[PDB]
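The next block is entry-v9.tsv, given as TSV, N, CA and C atoms.
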```
chain	number	residue	atom	x	y	z
D	22	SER	N	0.85	-1.24	0.00
D	22	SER	CA	0.00	0.00	0.00
D	22	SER	C	0.85	1.24	0.00
D	23	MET	N	0.21	2.35	-0.34
D	23	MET	CA	0.90	3.61	-0.34
D	23	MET	C	1.06	4.06	1.12
D	24	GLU	N	0.11	3.74	2.01
D	24	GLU	CA	0.28	4.04	3.45
D	24	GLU	C	1.54	3.31	4.05
D	25	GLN	N	1.71	2.01	3.75
D	25	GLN	CA	2.85	1.23	4.30
D	25	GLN	C	4.15	1.86	3.84
D	26	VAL	N	4.22	2.27	2.57
D	26	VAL	CA	5.42	3.03	2.08
D	26	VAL	C	5.70	4.36	2.81
D	27	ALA	N	4.64	5.16	3.01
D	27	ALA	CA	4.73	6.46	3.73
D	27	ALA	C	5.24	6.23	5.18
D	28	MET	N	4.77	5.13	5.79
D	28	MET	CA	5.19	4.77	7.14
D	28	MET	C	6.67	4.37	7.16
D	29	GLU	N	7.04	3.52	6.20
D	29	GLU	CA	8.44	3.15	5.99
D	29	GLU	C	9.36	4.36	5.74
D	30	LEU	N	8.90	5.37	4.99
D	30	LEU	CA	9.68	6.60	4.81
D	30	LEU	C	9.91	7.36	6.14
D	31	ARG	N	8.85	7.47	6.95
D	31	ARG	CA	8.90	8.03	8.35
D	31	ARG	C	9.89	7.27	9.24
D	32	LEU	N	9.83	5.94	9.22
D	32	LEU	CA	10.76	5.12	10.01
D	32	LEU	C	12.19	5.34	9.53
D	33	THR	N	12.36	5.44	8.21
D	33	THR	CA	13.66	5.69	7.64
D	33	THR	C	14.19	7.03	8.08
D	34	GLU	N	13.34	8.05	8.09
D	34	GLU	CA	13.83	9.36	8.47
D	34	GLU	C	14.11	9.41	9.99
D	35	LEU	N	13.31	8.72	10.78
D	35	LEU	CA	13.56	8.60	12.26
D	35	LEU	C	14.91	7.95	12.49
D	36	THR	N	15.22	6.93	11.67
D	36	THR	CA	16.45	6.19	11.78
D	36	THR	C	17.56	7.11	11.44
D	37	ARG	N	17.37	7.97	10.43
D	37	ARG	CA	18.40	8.93	10.06
D	37	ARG	C	18.68	9.92	11.21
D	38	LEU	N	17.63	10.38	11.88
D	38	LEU	CA	17.78	11.35	12.97
D	38	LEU	C	18.44	10.67	14.20
D	39	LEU	N	17.98	9.45	14.52
D	39	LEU	CA	18.59	8.67	15.63
D	39	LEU	C	20.04	8.28	15.37
D	40	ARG	N	20.41	8.04	14.11
D	40	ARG	CA	21.79	7.80	13.80
D	40	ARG	C	22.68	9.02	14.16
D	41	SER	N	22.22	10.24	13.86
D	41	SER	CA	22.96	11.46	14.21
D	41	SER	C	23.01	11.64	15.76
D	42	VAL	N	21.87	11.40	16.42
D	42	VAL	CA	21.78	11.46	17.88
D	42	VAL	C	22.79	10.49	18.48
D	43	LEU	N	22.83	9.27	17.97
D	43	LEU	CA	23.74	8.26	18.51
D	43	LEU	C	25.19	8.69	18.34
D	44	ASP	N	25.51	9.28	17.19
D	44	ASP	CA	26.89	9.74	16.97
D	44	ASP	C	27.24	10.85	17.93
D	45	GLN	N	26.31	11.76	18.17
D	45	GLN	CA	26.56	12.85	19.10
D	45	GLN	C	26.75	12.32	20.55
D	46	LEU	N	25.97	11.31	20.91
D	46	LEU	CA	26.05	10.77	22.33
D	46	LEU	C	27.36	10.03	22.55
D	47	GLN	N	27.72	9.26	21.56
D	47	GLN	CA	28.96	8.53	21.59
D	47	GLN	C	30.20	9.44	21.60
D	48	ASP	N	30.15	10.64	21.02
D	48	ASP	CA	31.28	11.58	21.17
D	48	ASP	C	31.48	12.07	22.60
D	49	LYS	N	30.44	11.96	23.44
D	49	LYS	CA	30.53	12.29	24.84
D	49	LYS	C	31.13	11.15	25.68
D	50	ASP	N	31.63	10.13	24.99
D	50	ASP	CA	32.32	8.95	25.60
D	50	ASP	C	33.65	8.80	24.87
D	51	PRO	N	34.55	9.79	25.06
D	51	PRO	CA	35.78	9.71	24.25
D	51	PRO	C	36.69	8.53	24.60
D	52	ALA	N	36.62	8.09	25.85
D	52	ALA	CA	37.42	6.96	26.30
D	52	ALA	C	36.88	5.60	25.82
D	53	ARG	N	35.69	5.59	25.24
D	53	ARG	CA	35.11	4.39	24.65
D	53	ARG	C	34.79	3.29	25.68
D	54	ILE	N	34.44	3.77	26.87
D	54	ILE	CA	34.05	2.89	27.97
D	54	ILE	C	32.75	2.14	27.66
D	55	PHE	N	31.88	2.79	26.89
D	55	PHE	CA	30.54	2.22	26.55
D	55	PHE	C	30.37	1.79	25.08
D	56	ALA	N	31.48	1.71	24.36
D	56	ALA	CA	31.47	1.33	22.97
D	56	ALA	C	31.02	-0.08	22.66
D	57	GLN	N	31.38	-1.05	23.51
D	57	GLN	CA	31.10	-2.44	23.23
D	57	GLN	C	30.48	-3.14	24.50
D	58	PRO	N	29.81	-4.27	24.34
D	58	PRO	CA	29.32	-4.99	25.51
D	58	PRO	C	30.36	-5.34	26.51
D	59	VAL	N	29.98	-5.32	27.78
D	59	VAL	CA	30.90	-5.81	28.81
D	59	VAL	C	31.22	-7.29	28.46
D	60	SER	N	32.51	-7.61	28.40
D	60	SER	CA	33.00	-8.96	28.07
D	60	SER	C	32.67	-10.02	29.17
D	61	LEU	N	31.96	-11.06	28.79
D	61	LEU	CA	31.65	-12.13	29.69
D	61	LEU	C	32.83	-13.04	29.88
D	62	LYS	N	33.81	-13.00	28.97
D	62	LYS	CA	35.11	-13.66	29.24
D	62	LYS	C	35.80	-12.95	30.38
D	63	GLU	N	35.90	-11.62	30.32
D	63	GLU	CA	36.61	-10.82	31.36
D	63	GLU	C	35.84	-10.47	32.67
D	64	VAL	N	34.50	-10.41	32.58
D	64	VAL	CA	33.63	-10.25	33.76
D	64	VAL	C	32.61	-11.39	33.76
D	65	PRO	N	33.08	-12.59	34.15
D	65	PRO	CA	32.24	-13.77	33.99
D	65	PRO	C	30.93	-13.74	34.79
D	66	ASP	N	30.89	-13.04	35.90
D	66	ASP	CA	29.67	-12.94	36.73
D	66	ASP	C	28.75	-11.73	36.36
D	67	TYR	N	29.04	-11.02	35.24
D	67	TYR	CA	28.33	-9.75	34.98
D	67	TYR	C	26.81	-9.96	34.99
D	68	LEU	N	26.33	-11.03	34.39
D	68	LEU	CA	24.88	-11.23	34.21
D	68	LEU	C	24.16	-11.60	35.50
D	69	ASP	N	24.92	-11.97	36.53
D	69	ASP	CA	24.38	-12.12	37.89
D	69	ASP	C	24.06	-10.74	38.49
D	70	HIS	N	24.74	-9.70	37.99
D	70	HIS	CA	24.58	-8.32	38.49
D	70	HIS	C	23.63	-7.52	37.61
D	71	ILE	N	23.78	-7.59	36.30
D	71	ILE	CA	23.09	-6.74	35.41
D	71	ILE	C	22.25	-7.61	34.50
D	72	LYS	N	20.92	-7.42	34.60
D	72	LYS	CA	20.01	-8.29	33.83
D	72	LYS	C	19.74	-7.90	32.38
D	73	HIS	N	19.92	-6.62	32.06
D	73	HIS	CA	19.74	-6.14	30.73
D	73	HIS	C	20.95	-5.28	30.27
D	74	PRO	N	22.01	-5.96	29.82
D	74	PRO	CA	23.23	-5.25	29.38
D	74	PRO	C	22.95	-4.43	28.15
D	75	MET	N	23.70	-3.32	28.01
D	75	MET	CA	23.54	-2.51	26.80
D	75	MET	C	24.84	-1.78	26.56
D	76	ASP	N	25.05	-1.38	25.32
D	76	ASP	CA	26.27	-0.64	24.92
D	76	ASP	C	25.99	-0.01	23.51
D	77	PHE	N	26.86	0.87	23.07
D	77	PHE	CA	26.61	1.62	21.88
D	77	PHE	C	26.68	0.74	20.65
D	78	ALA	N	27.51	-0.30	20.61
D	78	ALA	CA	27.52	-1.17	19.39
D	78	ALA	C	26.19	-1.94	19.25
D	79	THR	N	25.60	-2.32	20.38
D	79	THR	CA	24.37	-3.11	20.38
D	79	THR	C	23.25	-2.15	19.94
D	80	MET	N	23.28	-0.90	20.39
D	80	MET	CA	22.26	0.11	19.95
D	80	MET	C	22.36	0.36	18.45
D	81	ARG	N	23.60	0.46	17.95
D	81	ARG	CA	23.84	0.67	16.54
D	81	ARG	C	23.30	-0.49	15.69
D	82	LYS	N	23.41	-1.74	16.14
D	82	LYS	CA	22.85	-2.87	15.37
D	82	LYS	C	21.32	-2.74	15.33
D	83	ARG	N	20.72	-2.39	16.46
D	83	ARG	CA	19.29	-2.23	16.50
D	83	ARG	C	18.84	-1.07	15.59
D	84	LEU	N	19.54	0.04	15.66
D	84	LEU	CA	19.26	1.19	14.82
D	84	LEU	C	19.24	0.86	13.32
D	85	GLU	N	20.27	0.18	12.84
D	85	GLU	CA	20.40	-0.10	11.42
D	85	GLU	C	19.43	-1.17	10.91
D	86	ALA	N	18.92	-1.99	11.81
D	86	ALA	CA	17.76	-2.80	11.53
D	86	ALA	C	16.43	-2.02	11.62
D	87	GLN	N	16.48	-0.67	11.72
D	87	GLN	CA	15.28	0.17	11.98
D	87	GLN	C	14.45	-0.43	13.11
D	88	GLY	N	15.14	-0.90	14.15
D	88	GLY	CA	14.53	-1.52	15.28
D	88	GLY	C	14.04	-0.51	16.33
D	89	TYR	N	14.33	0.79	16.17
D	89	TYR	CA	13.72	1.79	17.08
D	89	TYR	C	12.45	2.44	16.44
D	90	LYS	N	11.30	2.24	17.05
D	90	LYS	CA	10.01	2.81	16.51
D	90	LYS	C	9.77	4.27	16.90
D	91	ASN	N	10.38	4.71	17.99
D	91	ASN	CA	10.24	6.08	18.46
D	91	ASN	C	11.51	6.45	19.28
D	92	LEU	N	11.67	7.72	19.60
D	92	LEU	CA	12.76	8.17	20.46
D	92	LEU	C	12.70	7.58	21.89
D	93	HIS	N	11.52	7.34	22.43
D	93	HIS	CA	11.40	6.77	23.78
D	93	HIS	C	12.17	5.42	23.91
D	94	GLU	N	12.00	4.56	22.92
D	94	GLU	CA	12.70	3.26	22.88
D	94	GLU	C	14.26	3.41	22.89
D	95	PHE	N	14.74	4.36	22.11
D	95	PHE	CA	16.14	4.68	21.95
D	95	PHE	C	16.68	5.22	23.25
D	96	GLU	N	15.94	6.12	23.86
D	96	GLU	CA	16.34	6.63	25.18
D	96	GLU	C	16.38	5.57	26.25
D	97	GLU	N	15.46	4.60	26.18
D	97	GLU	CA	15.48	3.51	27.13
D	97	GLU	C	16.84	2.80	27.09
D	98	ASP	N	17.30	2.51	25.89
D	98	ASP	CA	18.58	1.81	25.69
D	98	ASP	C	19.74	2.70	26.17
D	99	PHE	N	19.69	3.99	25.91
D	99	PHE	CA	20.78	4.88	26.39
D	99	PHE	C	20.85	4.93	27.92
D	100	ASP	N	19.69	5.06	28.51
D	100	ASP	CA	19.53	5.02	29.91
D	100	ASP	C	20.05	3.71	30.52
D	101	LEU	N	19.88	2.56	29.85
D	101	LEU	CA	20.41	1.29	30.39
D	101	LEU	C	21.93	1.34	30.49
D	102	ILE	N	22.56	1.88	29.45
D	102	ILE	CA	24.05	1.98	29.45
D	102	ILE	C	24.54	2.66	30.73
D	103	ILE	N	23.90	3.81	31.01
D	103	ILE	CA	24.29	4.64	32.14
D	103	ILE	C	23.94	3.95	33.46
D	104	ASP	N	22.68	3.48	33.55
D	104	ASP	CA	22.19	3.01	34.84
D	104	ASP	C	22.89	1.68	35.24
D	105	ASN	N	23.23	0.86	34.25
D	105	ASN	CA	23.92	-0.44	34.48
D	105	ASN	C	25.29	-0.16	35.06
D	106	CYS	N	25.94	0.80	34.45
D	106	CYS	CA	27.31	1.21	34.88
D	106	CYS	C	27.36	1.74	36.29
D	107	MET	N	26.40	2.60	36.62
D	107	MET	CA	26.29	3.20	37.93
D	107	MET	C	25.88	2.22	39.06
D	108	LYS	N	25.34	1.09	38.70
D	108	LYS	CA	25.07	0.05	39.68
D	108	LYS	C	26.29	-0.90	39.85
D	109	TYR	N	26.83	-1.39	38.75
D	109	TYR	CA	27.93	-2.36	38.76
D	109	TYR	C	29.18	-1.77	39.36
D	110	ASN	N	29.48	-0.52	38.97
D	110	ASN	CA	30.71	0.15	39.42
D	110	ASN	C	30.47	1.07	40.58
D	111	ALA	N	31.43	1.16	41.52
D	111	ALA	CA	31.33	2.02	42.65
D	111	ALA	C	31.52	3.48	42.22
D	112	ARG	N	31.04	4.38	43.04
D	112	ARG	CA	31.14	5.80	42.86
D	112	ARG	C	32.54	6.30	42.58
D	113	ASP	N	33.54	5.77	43.28
D	113	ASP	CA	34.92	6.24	43.07
D	113	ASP	C	35.68	5.49	41.95
D	114	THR	N	35.06	5.32	40.80
D	114	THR	CA	35.73	4.59	39.74
D	114	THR	C	35.69	5.42	38.48
D	115	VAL	N	36.66	5.16	37.60
D	115	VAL	CA	36.66	5.86	36.30
D	115	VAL	C	35.39	5.52	35.49
D	116	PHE	N	34.92	4.30	35.65
D	116	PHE	CA	33.71	3.86	34.95
D	116	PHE	C	32.48	4.62	35.37
D	117	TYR	N	32.23	4.67	36.68
D	117	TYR	CA	31.01	5.41	37.21
D	117	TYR	C	31.10	6.87	36.81
D	118	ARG	N	32.30	7.46	36.98
D	118	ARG	CA	32.48	8.87	36.66
D	118	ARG	C	32.21	9.15	35.17
D	119	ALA	N	32.61	8.23	34.31
D	119	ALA	CA	32.37	8.36	32.87
D	119	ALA	C	30.87	8.32	32.56
D	120	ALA	N	30.12	7.42	33.22
D	120	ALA	CA	28.69	7.40	33.08
D	120	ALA	C	28.04	8.69	33.49
D	121	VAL	N	28.47	9.32	34.60
D	121	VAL	CA	27.83	10.52	35.06
D	121	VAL	C	28.01	11.65	34.00
D	122	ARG	N	29.23	11.75	33.49
D	122	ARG	CA	29.55	12.74	32.42
D	122	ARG	C	28.75	12.54	31.13
D	123	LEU	N	28.61	11.29	30.72
D	123	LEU	CA	27.75	10.92	29.57
D	123	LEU	C	26.30	11.27	29.76
D	124	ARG	N	25.77	10.96	30.94
D	124	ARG	CA	24.43	11.34	31.32
D	124	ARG	C	24.24	12.86	31.22
D	125	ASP	N	25.13	13.59	31.88
D	125	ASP	CA	24.94	15.05	31.98
D	125	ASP	C	25.03	15.71	30.60
D	126	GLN	N	26.04	15.31	29.82
D	126	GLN	CA	26.27	15.83	28.49
D	126	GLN	C	25.30	15.35	27.40
D	127	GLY	N	24.85	14.11	27.52
D	127	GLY	CA	23.85	13.60	26.60
D	127	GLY	C	22.48	14.25	26.78
D	128	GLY	N	22.18	14.73	27.99
D	128	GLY	CA	20.87	15.34	28.30
D	128	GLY	C	20.50	16.49	27.40
D	129	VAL	N	21.52	17.29	27.08
D	129	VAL	CA	21.43	18.42	26.16
D	129	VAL	C	21.03	17.96	24.76
D	130	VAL	N	21.69	16.89	24.28
D	130	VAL	CA	21.50	16.34	22.93
D	130	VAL	C	20.11	15.72	22.79
D	131	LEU	N	19.69	15.03	23.84
D	131	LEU	CA	18.36	14.40	23.92
D	131	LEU	C	17.21	15.40	24.14
D	132	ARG	N	17.48	16.51	24.82
D	132	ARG	CA	16.50	17.56	25.00
D	132	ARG	C	16.06	18.15	23.64
D	133	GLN	N	16.99	18.32	22.70
D	133	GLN	CA	16.64	18.89	21.42
D	133	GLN	C	16.11	17.84	20.42
D	134	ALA	N	16.64	16.62	20.48
D	134	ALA	CA	16.10	15.54	19.70
D	134	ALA	C	14.63	15.33	20.03
D	135	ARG	N	14.21	15.49	21.28
D	135	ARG	CA	12.78	15.34	21.62
D	135	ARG	C	11.92	16.40	20.92
D	136	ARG	N	12.45	17.60	20.83
D	136	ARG	CA	11.78	18.69	20.13
D	136	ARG	C	11.76	18.40	18.60
D	137	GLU	N	12.88	17.94	18.01
D	137	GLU	CA	12.94	17.58	16.56
D	137	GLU	C	12.01	16.44	16.12
D	138	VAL	N	11.79	15.49	17.02
D	138	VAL	CA	10.87	14.38	16.78
D	138	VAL	C	9.39	14.78	16.91
D	139	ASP	N	9.06	15.61	17.90
D	139	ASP	CA	7.72	16.24	18.03
D	139	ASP	C	7.42	17.20	16.87
D	140	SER	N	8.41	18.06	16.56
D	140	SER	CA	8.33	19.04	15.47
D	140	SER	C	8.13	18.37	14.10
D	141	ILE	N	9.09	17.54	13.68
D	141	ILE	CA	9.03	16.83	12.38
D	141	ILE	C	8.10	15.60	12.34
D	142	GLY	N	7.35	15.32	13.42
D	142	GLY	CA	6.36	14.24	13.44
D	142	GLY	C	7.02	12.89	13.60
```
If you took the structure in this file and wrote it as structure tokens, what would it be?
Amino acid sequence: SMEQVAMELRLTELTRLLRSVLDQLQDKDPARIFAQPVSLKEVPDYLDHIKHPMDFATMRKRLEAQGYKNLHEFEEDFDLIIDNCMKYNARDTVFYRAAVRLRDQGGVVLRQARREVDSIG
């Protein structure tokens, strides 16, 4: 149908906007602490601590499959990255500190993306 195509064009454009958002958020992680999944070879007990792991490479795979239907879903995944880190790692660690900085700096990027998604439909 012509409606299914119009919907697919909307999802495509959302994916385009989320791709830019993701690149901007990931620049706020210059040390690449959140770039890839926590290694189960190197942290064998991680899944006993964290039930829903997340990282920027896993978000990128979902993105390119047009697996995000709205910004809320995308934010959920970003929020997992931060919140998982802040639970697993203690306050006085480079890891926890990196999460806090990502959170604070990403908030700005996400504040305007919410307006761009409401604005452009």
Which residues come within 7 Å of residue 106 of chain D, counting all atoms listed in the file, excluding same-chain residues fewer than 4 positions away, as a list in words?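 So, after excluding close chain neighbours, the residues are residues 101, 102, 110, 111, 116, 117 and 120 of chain D.
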Skipping near chain neighbours, those fewer than 4 positions away, what residues fall within 6 Å of segment 44-58 of chain D using only N, CA and C atoms, listed as a CSV table (one decimal) with N, CA and C atoms, keeping the file's coordinate frame?
```csv
chain,number,residue,atom,x,y,z
D,39,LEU,N,18.0,9.4,14.5
D,39,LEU,CA,18.6,8.7,15.6
D,39,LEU,C,20.0,8.3,15.4
D,40,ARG,N,20.4,8.0,14.1
D,40,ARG,CA,21.8,7.8,13.8
D,40,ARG,C,22.7,9.0,14.2
D,75,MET,N,23.7,-3.3,28.0
D,75,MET,CA,23.5,-2.5,26.8
D,75,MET,C,24.8,-1.8,26.6
D,76,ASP,N,25.0,-1.4,25.3
D,76,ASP,CA,26.3,-0.6,24.9
D,76,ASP,C,26.0,0.0,23.5
D,77,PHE,N,26.9,0.9,23.1
D,77,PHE,CA,26.6,1.6,21.9
D,77,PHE,C,26.7,0.7,20.6
D,78,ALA,N,27.5,-0.3,20.6
D,78,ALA,CA,27.5,-1.2,19.4
D,78,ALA,C,26.2,-1.9,19.2
D,123,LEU,N,28.6,11.3,30.7
D,123,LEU,CA,27.8,10.9,29.6
D,123,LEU,C,26.3,11.3,29.8
D,127,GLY,N,24.8,14.1,27.5
D,127,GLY,CA,23.8,13.6,26.6
D,127,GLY,C,22.5,14.2,26.8
```
Distance cut-off 6.5 Å, centre (26.6, -9.4, 32.0) in file coordinates, counting all atoms listed in the file: which residues qualify? Return them as a PyMOL selection string. chain D and resi 59+61+66-71+74
For atom CA of residue 81 of chain D and atom C of residue 95 of chain D, the interatomic separation in Å (one decimal):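 Straight-line distance from atom CA of residue 81 of chain D to atom C of residue 95 of chain D works out to 10.8 Å.
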Point-to-point distance from atom CA of residue 141 of chain D to atom N of residue 91 of chain D, Å rounded to tenths: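 Straight-line distance from atom CA of residue 141 of chain D to atom N of residue 91 of chain D works out to 13.4 Å.
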